[PDB]
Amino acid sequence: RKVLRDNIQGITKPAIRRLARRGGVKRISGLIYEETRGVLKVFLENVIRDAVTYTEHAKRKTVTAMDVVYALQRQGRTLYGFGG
């Protein structure tokens, strides 16, 4: 297939700004965007890791939404809406 790199930059400045808006943020310093990407990277890494752990223990090659839900659960980030 194709090689994946620097995809974190897929999280555009525009998008991070939109998110801060919903968070009710009026003014955004130039250094926020990269911090944000940092924080997002970590958040995703931790959730995908536990998710995949669940997937492997199921002896599956496909990460299911439930895997992600249990993952989020462990992180104390319970999500409603994908109960399967």
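Don't overthink the numbering: it's just position in the shown sequence, from 1.
Report task. Would you tell me which stretch averages the higher CA B-factor in the PDB entry, 21-29 or 57-65? Result -> Between 57-65 and 21-29, it is 57-65 that shows the higher mean C-alpha B-factor.
Query raised in the report: Between 75-83 and 1-9, which has the higher average C-alpha B-factor in the PDB entry?
Result: Stretch with the greater average CA B-factor: 1-9.
Query - For residue 34, the third of its chain into which the C-alpha B factor falls - result: Answer is highest: the recorded C-alpha B-factor places it there.
Requested in this report: Comparing against every modelled residue in the chain, figure out the third that the C-alpha B-factor of residue 48 lands in (lowest, middle or highest).
Outcome: CA B-factor rank for residue 48: middle third.
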